[PDB]
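Peer 1: Structure file final19.txt, compact mmCIF, C-alpha atoms, is pasted below:
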```
# COMPACT_ATOMS: atom_id res chain seq x y z
CA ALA A 1 12.14 -19.33 -3.42
CA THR A 2 10.82 -17.55 -0.35
CA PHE A 3 7.62 -15.50 -0.25
CA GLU A 4 6.97 -13.46 2.87
CA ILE A 5 3.23 -12.85 3.13
CA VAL A 6 2.41 -9.93 5.41
CA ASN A 7 -1.05 -8.82 6.51
CA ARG A 8 -1.00 -5.06 7.07
CA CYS A 9 -4.81 -4.95 7.01
CA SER A 10 -6.64 -4.04 10.18
CA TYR A 11 -8.69 -7.23 9.68
CA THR A 12 -7.71 -10.89 9.68
CA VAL A 13 -7.16 -12.55 6.31
CA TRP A 14 -6.54 -16.19 5.46
CA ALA A 15 -3.64 -16.24 3.02
CA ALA A 16 -3.70 -18.83 0.25
CA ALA A 17 -1.03 -20.11 -2.12
CA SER A 18 -1.67 -22.57 -4.95
CA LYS A 19 -0.61 -23.46 -8.47
CA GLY A 20 -4.09 -24.71 -9.35
CA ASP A 21 -3.55 -28.44 -8.97
CA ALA A 22 -1.55 -28.38 -5.71
CA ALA A 23 -0.84 -26.27 -2.66
CA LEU A 24 2.26 -24.12 -2.48
CA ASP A 25 3.88 -24.78 0.91
CA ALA A 26 1.04 -25.42 3.41
CA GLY A 27 -1.43 -23.81 0.95
CA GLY A 28 -3.17 -21.54 3.43
CA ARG A 29 -2.93 -19.94 6.86
CA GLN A 30 -4.66 -17.40 9.07
CA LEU A 31 -2.89 -14.02 9.27
CA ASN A 32 -4.12 -11.70 11.98
CA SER A 33 -3.46 -7.99 11.53
CA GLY A 34 0.31 -7.50 11.42
CA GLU A 35 1.24 -11.18 11.13
CA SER A 36 3.79 -12.48 8.64
CA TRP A 37 3.91 -15.96 7.09
CA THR A 38 6.98 -17.04 5.13
CA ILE A 39 6.45 -19.84 2.62
CA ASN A 40 8.78 -21.78 0.35
CA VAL A 41 7.82 -22.14 -3.31
CA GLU A 42 9.56 -24.79 -5.40
CA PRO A 43 11.85 -23.44 -8.14
CA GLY A 44 10.28 -23.74 -11.57
CA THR A 45 6.74 -23.26 -10.24
CA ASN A 46 4.60 -22.19 -13.20
CA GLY A 47 1.29 -20.40 -12.74
CA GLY A 48 1.42 -19.92 -8.99
CA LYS A 49 -0.91 -17.51 -7.23
CA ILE A 50 -1.15 -15.97 -3.78
CA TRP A 51 -4.30 -14.26 -2.56
CA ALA A 52 -6.17 -13.19 0.55
CA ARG A 53 -9.42 -14.70 1.76
CA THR A 54 -11.82 -12.75 3.98
CA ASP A 55 -14.48 -13.69 6.54
CA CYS A 56 -13.53 -17.35 6.92
CA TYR A 57 -14.72 -20.01 9.30
CA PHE A 58 -12.84 -23.30 9.64
CA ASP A 59 -13.50 -26.23 11.96
CA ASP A 60 -10.78 -28.28 13.68
CA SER A 61 -10.17 -30.35 10.51
CA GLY A 62 -9.49 -27.23 8.44
CA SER A 63 -12.83 -27.33 6.63
CA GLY A 64 -15.23 -24.43 6.27
CA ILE A 65 -16.01 -21.43 4.08
CA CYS A 66 -14.73 -17.95 3.19
CA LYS A 67 -16.75 -15.05 1.76
CA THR A 68 -14.01 -14.21 -0.77
CA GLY A 69 -11.35 -16.48 -2.23
CA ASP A 70 -12.73 -19.76 -0.88
CA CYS A 71 -10.74 -22.73 -2.24
CA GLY A 72 -13.18 -25.61 -1.99
CA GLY A 73 -13.80 -25.01 1.71
CA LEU A 74 -10.22 -25.80 2.80
CA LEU A 75 -7.95 -23.83 5.11
CA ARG A 76 -4.94 -25.28 3.27
CA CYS A 77 -5.72 -24.44 -0.35
CA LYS A 78 -4.96 -27.00 -3.04
CA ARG A 79 -6.91 -25.19 -5.79
CA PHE A 80 -7.49 -21.58 -6.81
CA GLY A 81 -9.93 -19.36 -4.96
CA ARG A 82 -13.45 -18.25 -5.69
CA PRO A 83 -13.70 -14.70 -7.09
CA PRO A 84 -13.45 -11.93 -6.22
CA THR A 85 -9.71 -12.30 -5.51
CA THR A 86 -6.92 -9.82 -6.05
CA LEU A 87 -4.19 -12.08 -7.44
CA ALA A 88 -0.42 -12.10 -6.99
CA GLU A 89 0.68 -14.27 -9.92
CA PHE A 90 4.07 -15.73 -10.70
CA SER A 91 6.06 -18.20 -12.76
CA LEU A 92 9.57 -18.94 -11.51
CA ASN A 93 12.76 -20.05 -13.30
CA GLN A 94 11.31 -19.79 -16.81
CA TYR A 95 14.43 -19.96 -19.01
CA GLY A 96 16.46 -18.14 -16.39
CA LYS A 97 13.89 -15.50 -15.37
CA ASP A 98 11.01 -15.01 -12.95
CA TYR A 99 7.77 -13.34 -14.04
CA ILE A 100 5.34 -11.64 -11.65
CA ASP A 101 2.18 -9.56 -11.88
CA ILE A 102 -0.95 -8.52 -10.03
CA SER A 103 -4.26 -9.32 -11.71
CA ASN A 104 -7.83 -8.06 -11.30
CA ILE A 105 -9.09 -10.46 -14.00
CA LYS A 106 -10.82 -12.46 -11.24
CA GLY A 107 -11.95 -9.36 -9.36
CA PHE A 108 -10.59 -7.57 -6.33
CA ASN A 109 -11.10 -8.22 -2.65
CA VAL A 110 -8.04 -7.01 -0.72
CA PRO A 111 -5.42 -4.40 -1.72
CA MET A 112 -2.00 -5.87 -2.36
CA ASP A 113 1.67 -5.09 -2.99
CA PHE A 114 3.79 -7.77 -4.70
CA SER A 115 7.49 -6.86 -4.57
CA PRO A 116 10.86 -8.60 -4.86
CA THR A 117 12.99 -8.69 -1.73
CA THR A 118 16.07 -9.34 -3.88
CA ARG A 119 17.69 -7.17 -6.52
CA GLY A 120 17.09 -6.71 -10.21
CA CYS A 121 13.47 -5.66 -10.71
CA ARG A 122 10.56 -3.61 -9.37
CA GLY A 123 7.36 -4.46 -7.54
CA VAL A 124 3.75 -3.88 -8.51
CA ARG A 125 0.83 -2.66 -6.46
CA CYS A 126 -2.96 -2.43 -6.59
CA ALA A 127 -3.95 -0.54 -3.43
CA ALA A 128 -6.79 1.74 -4.56
CA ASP A 129 -10.18 1.45 -2.85
CA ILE A 130 -11.66 -0.74 -5.57
CA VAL A 131 -14.31 -2.22 -3.28
CA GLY A 132 -15.54 1.20 -2.17
CA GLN A 133 -15.68 2.50 -5.75
CA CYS A 134 -16.90 -0.77 -7.31
CA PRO A 135 -19.63 -0.42 -9.97
CA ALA A 136 -23.01 -1.41 -8.56
CA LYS A 137 -23.39 -4.28 -11.02
CA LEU A 138 -20.02 -5.74 -9.99
CA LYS A 139 -20.35 -5.49 -6.20
CA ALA A 140 -20.22 -8.91 -4.54
CA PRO A 141 -22.89 -9.17 -1.81
CA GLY A 142 -20.49 -11.49 0.03
CA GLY A 143 -17.84 -8.75 -0.17
CA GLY A 144 -15.40 -7.51 -2.81
CA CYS A 145 -15.68 -6.39 -6.42
CA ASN A 146 -16.35 -9.05 -9.06
CA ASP A 147 -14.83 -9.05 -12.51
CA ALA A 148 -17.31 -8.76 -15.36
CA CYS A 149 -16.64 -12.29 -16.65
CA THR A 150 -17.72 -13.73 -13.30
CA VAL A 151 -20.85 -11.57 -13.30
CA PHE A 152 -22.01 -11.67 -16.93
CA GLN A 153 -20.40 -14.76 -18.53
CA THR A 154 -19.97 -13.30 -22.04
CA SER A 155 -17.33 -14.15 -24.62
CA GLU A 156 -16.28 -10.49 -24.58
CA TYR A 157 -15.67 -10.26 -20.82
CA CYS A 158 -14.21 -13.76 -20.52
CA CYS A 159 -12.15 -13.46 -23.75
CA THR A 160 -13.42 -16.91 -24.65
CA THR A 161 -12.41 -16.72 -28.32
CA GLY A 162 -9.02 -15.17 -27.59
CA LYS A 163 -10.35 -11.99 -29.17
CA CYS A 164 -11.72 -9.35 -26.82
CA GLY A 165 -11.22 -5.66 -26.21
CA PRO A 166 -11.23 -3.48 -23.13
CA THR A 167 -14.65 -2.77 -21.67
CA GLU A 168 -16.30 -0.23 -19.37
CA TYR A 169 -15.76 -2.72 -16.56
CA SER A 170 -12.13 -3.51 -17.37
CA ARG A 171 -11.40 0.23 -17.64
CA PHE A 172 -12.73 0.65 -14.10
CA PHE A 173 -10.15 -1.73 -12.66
CA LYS A 174 -7.46 -0.27 -14.92
CA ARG A 175 -8.19 3.33 -13.91
CA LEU A 176 -7.88 2.52 -10.21
CA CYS A 177 -4.94 0.09 -10.66
CA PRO A 178 -3.01 0.73 -13.88
CA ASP A 179 -0.26 -1.72 -12.88
CA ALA A 180 -2.56 -4.77 -12.65
CA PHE A 181 -4.14 -6.81 -15.44
CA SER A 182 -7.71 -5.65 -15.99
CA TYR A 183 -8.73 -8.15 -18.68
CA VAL A 184 -7.22 -11.17 -20.41
CA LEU A 185 -5.68 -9.26 -23.35
CA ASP A 186 -4.64 -6.19 -21.36
CA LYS A 187 -1.31 -4.69 -22.29
CA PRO A 188 0.96 -6.77 -20.02
CA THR A 189 2.01 -5.37 -16.65
CA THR A 190 4.26 -8.38 -16.05
CA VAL A 191 7.62 -7.68 -14.39
CA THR A 192 10.67 -9.73 -15.35
CA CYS A 193 12.87 -10.53 -12.36
CA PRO A 194 16.11 -12.49 -12.08
CA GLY A 195 15.55 -16.21 -11.89
CA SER A 196 15.24 -17.43 -8.27
CA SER A 197 14.33 -14.05 -6.80
CA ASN A 198 12.50 -13.85 -3.47
CA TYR A 199 9.38 -11.84 -2.80
CA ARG A 200 7.03 -10.22 -0.32
CA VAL A 201 3.25 -10.03 -0.72
CA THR A 202 1.73 -7.35 1.52
CA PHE A 203 -2.03 -7.14 2.04
CA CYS A 204 -3.25 -3.57 2.62
CA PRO A 205 0.20 -2.05 1.94
CA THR A 206 -1.00 1.54 2.42
```
Can the structure from this file be put into C-alpha cells for me?
Peer 2:
Amino acid sequence: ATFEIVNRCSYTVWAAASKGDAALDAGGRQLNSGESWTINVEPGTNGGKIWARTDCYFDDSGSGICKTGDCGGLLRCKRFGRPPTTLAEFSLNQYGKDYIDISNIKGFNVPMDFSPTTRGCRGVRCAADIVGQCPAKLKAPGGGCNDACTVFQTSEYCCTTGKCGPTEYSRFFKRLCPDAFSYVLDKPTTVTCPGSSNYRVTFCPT
C-alpha cells in the first residue's frame, strides 16, 4: 500500500512511520514545507502509525533528538514516538478490510488529515489549533499538547484497568477534534476502508 505524506505546514517536520517493533519503509525523513514523501507499507501491517516530529537535529549518522515525537533519537524510526504526537493509525488487510483513524490519546503536536486516495471510504481530520488552546496543565514545554495519561499517570487517564470514562482533559481534545480518539475507550472514530486502499497523510491540511 502507498502512503503519500505531505507537509503543508510552513515549518519543517520529520515524518515518521513505524509499527512499533520495526520501521515502515525507511521509517523517517525530513519534509520541508511543501515536500511530499511517498512510502510503501507492507500489506497486512497491523498497528502502524505515521506522525510528525518537530524541531529535530540529526548528525550525519542519523542520530539526534526531536522536541516532539522523538523515536529513540533516530532519523529513521524503528519504534513509536515520544508524546505529544498526533497519530495517523492504521491496520491493513484485516479480513479483507483496512481500518484507519486519527488519535489524540498520545497528545497532539501537528494538525493532520488522514484520507484515502482510493475509493470506498472517507478521511478523517484533526486540524484545530489544539496547541494554542491547550490546557495549561497539558502544555508541553518542549512544544505540543500532552495527553493527560502522559502528564498525570493515573489509571483513569491511562485506562489501565480497561475501565475508564471521559475526563475534562479528554473532552478538550474531543471538543476541538471530534473525529479523533480522545481517550482509550472513546466511541470509535475508526473508518473502514476497502482492503489494500492507498492513503495520503497531510500535515497542516488547512
Peer 1: Applying 6 Å and only C-alpha atoms, which residues near residue 100 in chain A remain after dropping the ones on its own chain fewer than 5 positions away? List them as a PyMOL selection string.
Peer 2: chain A and resi 89-90+190-191
Peer 1: Hey, can you check how far CA of residue 173 in chain A sits from CA of residue 18 in chain A?
Peer 2: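 That distance, rounded to one decimal, is 23.8 Å.
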Peer 1: Which residues come within 8 Å of residue 197 in chain A, counting only C-alpha atoms, excluding same-chain residues fewer than 6 positions away, as a PyMOL selection string?
Peer 2: chain A and resi 1+98+116-119
Peer 1: Taking C-alpha atoms for each residue, export the selection above as a compact mmCIF listing (two decimals), in the frame of the given file.
Peer 2:
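Listing of part.txt after writing:
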```txt
# COMPACT_ATOMS: atom_id res chain seq x y z
CA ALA A 1 12.14 -19.33 -3.42
CA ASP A 98 11.01 -15.01 -12.95
CA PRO A 116 10.86 -8.60 -4.86
CA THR A 117 12.99 -8.69 -1.73
CA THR A 118 16.07 -9.34 -3.88
CA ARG A 119 17.69 -7.17 -6.52
```
Peer 1: Quick check, in Å to one decimal: how far apart do CA of residue 142 in chain A and CA of residue 11 in chain A lie?
Peer 2: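 The value is 15.8 Å.
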Peer 1: Write out as a PyMOL selection string the residues lying within 12 Å of range 69-81 of chain A, counting all atoms listed in the file and excluding same-chain residues fewer than 6 positions away.
Peer 2: chain A and resi 13-31+47-63+87-89+106-110+140+142-146
Peer 1: For CA of residue 132 in chain A and CA of residue 112 in chain A, determine how far apart the two atoms are, in Å to one decimal place.
Peer 2: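 Separation of CA of residue 132 in chain A and CA of residue 112 in chain A: 15.3 Å.
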Peer 1: Which is closer to residue 38 in chain A than all the others in A:66, A:92, A:5, A:177, using all atoms listed in the file?
Peer 2: A:5
Peer 1: Pick out the closest residue to residue 83 in chain A from this set: A:115, A:155, A:150, A:32. Count only C-alpha atoms.
Peer 2: A:150
Peer 1: Please identify all polymer residues lying at most 10 Å from the point (7.8, -8.3, 1.0) (file coordinates), using only C-alpha atoms, and present the result as number ranges by chain.
Peer 2: A: 2-6, 36, 38, 113-118, 123, 198-203, 205
Peer 1: Can I get the selected residues back with C-alpha atoms, as a compact mmCIF listing (two decimals), in the frame of the given file?
Peer 2:
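Output file selection.txt is given in full below:
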```txt
# COMPACT_ATOMS: atom_id res chain seq x y z
CA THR A 2 10.82 -17.55 -0.35
CA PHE A 3 7.62 -15.50 -0.25
CA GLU A 4 6.97 -13.46 2.87
CA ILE A 5 3.23 -12.85 3.13
CA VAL A 6 2.41 -9.93 5.41
CA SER A 36 3.79 -12.48 8.64
CA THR A 38 6.98 -17.04 5.13
CA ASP A 113 1.67 -5.09 -2.99
CA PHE A 114 3.79 -7.77 -4.70
CA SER A 115 7.49 -6.86 -4.57
CA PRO A 116 10.86 -8.60 -4.86
CA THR A 117 12.99 -8.69 -1.73
CA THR A 118 16.07 -9.34 -3.88
CA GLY A 123 7.36 -4.46 -7.54
CA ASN A 198 12.50 -13.85 -3.47
CA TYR A 199 9.38 -11.84 -2.80
CA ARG A 200 7.03 -10.22 -0.32
CA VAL A 201 3.25 -10.03 -0.72
CA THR A 202 1.73 -7.35 1.52
CA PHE A 203 -2.03 -7.14 2.04
CA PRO A 205 0.20 -2.05 1.94
```
Peer 1: A:46, A:91, A:10, A:182: which is nearest residue 34 in chain A, counting all atoms listed in the file?
Peer 2: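 Residue with the minimum atom-to-atom distance to residue 34 in chain A: A:10.
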